[PDB]
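Summary of the model geometry
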Amino acid sequence: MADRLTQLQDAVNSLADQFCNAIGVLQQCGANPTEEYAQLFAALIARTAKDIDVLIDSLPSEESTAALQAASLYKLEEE
Amino acid sequence: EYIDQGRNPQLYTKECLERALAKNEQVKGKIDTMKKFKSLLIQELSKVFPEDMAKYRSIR
Amino acid sequence: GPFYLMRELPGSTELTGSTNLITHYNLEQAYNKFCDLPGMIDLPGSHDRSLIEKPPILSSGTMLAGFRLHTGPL
Amino acid sequence: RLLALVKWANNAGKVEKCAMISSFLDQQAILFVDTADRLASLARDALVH
């Protein structure tokens, strides 16, 4: 839908669902397999964390808020 | 029901000891796997925020 | 500075499942011993309604008695 | 049978230790899965709302 809010929300949900199952999965299945999984999981979680940080800068600041937009619309209505 | 068949309890105690030891070994295995997974995820992403890792190491 | 809702972690090593529970519970030498008694029983006797005794155990006038019943020798 | 019982009567310690150790792990086992289930439940329902 090309919306900033949708992308940010989606990333958080994947982390919640992806990490809850993974910790349980680690407990579930026990040499070679345990070590590789640790890296594979850490990798994804790390990637998601980096993505979240990138997303916050993009959103607009406190200035030029909704009230200001309405004010802008006023002058525009006369035009 | 173990006496019903007829056998000394030493074998049963040996079996209990070996099954408890097997449970202890698999618990130790899962513990060390989650410990090494924690260590590898900690060291893998040490660069995301150095201050957070410093505070984590200080608090421990 | 501080993160939201930090708290104190528990005492460094209390009772866990990561310790050797048997050696802490003083049961090591019994295991190191351990790792048929009917046969043990067999050595004392001969061999080892055995169907009847089990059923009796599943649920769970000595002088006068001798005088009362007489068994023919031949 | 009585002799076997009275011989095991002093050998009732190690079996009890093994049983309680197995129960501890079993009792603990319900706890880890329950925590995992709660996390799984939250993602499925709480996130959607």
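A few points on the structure.

The number of helices and strands found in chain B is 3 helices and 0 strands. For chain B, the N- to C-terminal ordering of α and β elements is α-α-α. A globule of 60 residues ought to have a C-alpha radius of gyration of about 10 Å, yet chain B, at 23 Å, is considerably larger. C-alpha extents for chain B along the principal axes are approximately 65 × 20 × 15 Å.

Oppositely charged side chains can pair when the atoms bearing their charge come close. Residue and element names in this part refer to chain B. A salt bridge links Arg7 to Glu15; the shortest N-O distance between them is 3.7 Å. Salt-bridge contacts for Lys28 lead to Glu25; the nearest nitrogen and oxygen are separated by 3.4 Å. Here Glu25 and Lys28 lie together in helix α2 (residues 9–44), a separation of 3 residues that amounts to about one turn.

Taken together, the contact between chain B and chain C spans 14 residues of the former and 16 residues of the latter. Considering each element in turn, the side of chain B that touches chain C owes the most residues, 8 residues, to α2(B). Tallied by class, the residues present in the side of chain B that touches chain C amount to 4 nonpolar, 5 polar and 5 charged.

Here the focus is the interface of chain D and chain B. Contacts between the two partners involve 10 residues from chain D, matched on the other side by 12 residues from chain B. Of all elements in the fold, only α1 (2–8) and α2 (13–45) of chain D reach the threshold of two or more residues within the side of chain D that touches chain B. Top contributing element to the side of chain D that touches chain B by residue count: α2(D), with 5 residues. For the side of chain D that touches chain B, the class distribution of residues is 7 nonpolar, 2 polar and 1 charged.

Okay, the packing of aromatic side chains next. Judged by centre distance (5.2 Å) and plane angle (90°), the ring pair of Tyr37(A) and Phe41(A) falls under edge-to-face. Remark: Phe41(A) and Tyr37(A) occur in helix α2 (residues 32–58); sequence separation between them is 4 residues, near one turn of the helix. Look at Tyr2(B) and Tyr12(B): their rings are 4.9 Å apart centre to centre, the planes differ by 50°, and that puts the pair in the tilted class. With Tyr2(B) in helix α1 (residues 2–5) and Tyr12(B) in helix α2, this pair connects stretches of sequence that are 10 residues apart.

Each packed pair of helices is defined by two parameters, the angle between the axes and the distance between the axes. In the contact formed by α2(A) and α2(B), the axes pass within 9 Å of each other and the chain directions differ by 40°. Classified by the interaxial angle, the pair formed by α2(A) and α2(B) is oblique. Remark: the crossing between α2(A) and α2(B) carries right-handed chirality. Along the contact surface, α2(A) presents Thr34(A), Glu35(A), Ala38(A), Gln39(A) and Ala42(A), while α2(B) presents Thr33(B), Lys36(B), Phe37(B), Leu40(B), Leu41(B) and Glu44(B).

Once that is clear, we can look at the arrangement of the chains. Where 5 pairs of chains are in contact, the pair with the most contacts is made of chains B and C. Chain C makes no contact with chain A, the minimum C-alpha separation between the two being 14 Å.

This next bit is on the packing of helix α1 (residues 4–28) of chain A against α2(A). Residues and elements named next belong to chain A. Interhelical geometry of α1 versus α2 gives an angle of 160° and a closest axis separation of 10 Å. As the angle between them shows, α1 and α2 are arranged roughly antiparallel. The hand of the α1/α2 crossing is left-handed. In contact with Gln7, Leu8, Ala11, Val12, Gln18, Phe19, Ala22 and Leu26 of α1, α2 contributes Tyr37, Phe41, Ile45, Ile52 and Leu55.

So, how was this worked out
- Residues numbered from 1 in each chain as written, not as in the entry; some residues may be left out.
- Chains lettered and ligands numbered in written order.
- Part of a larger assembly, values for the part shown.
- Heavy atoms only, no water.
- Residues with missing side-chain atoms left out of burial classes, pairs and counts.
- Helix = DSSP H or I, 4+ residues; strand = E, 2+ residues; numbered from the N terminus.
- Rg over C-alpha atoms; globule rule 2.2 N^0.38 Å.
- Salt bridge = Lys/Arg side-chain N within 4 Å of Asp/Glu carboxyl O.
- Contact = heavy atoms within 4.5 Å.
- Nonpolar A, V, L, I, M, F, W, Y, C, P; charged D, E, K, R; others polar.
- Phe/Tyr/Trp six-rings, centres within 6.5 Å; stacked < 30°, edge-to-face > 60°.
- Axes fitted to C-alpha atoms, helices over the stretch in contact; angles between N-to-C directions.
- Parallel < 35°, antiparallel > 145°, perpendicular 65-115°, else oblique.
- Left-handed = near helix turned anticlockwise from the far one by under 90°.

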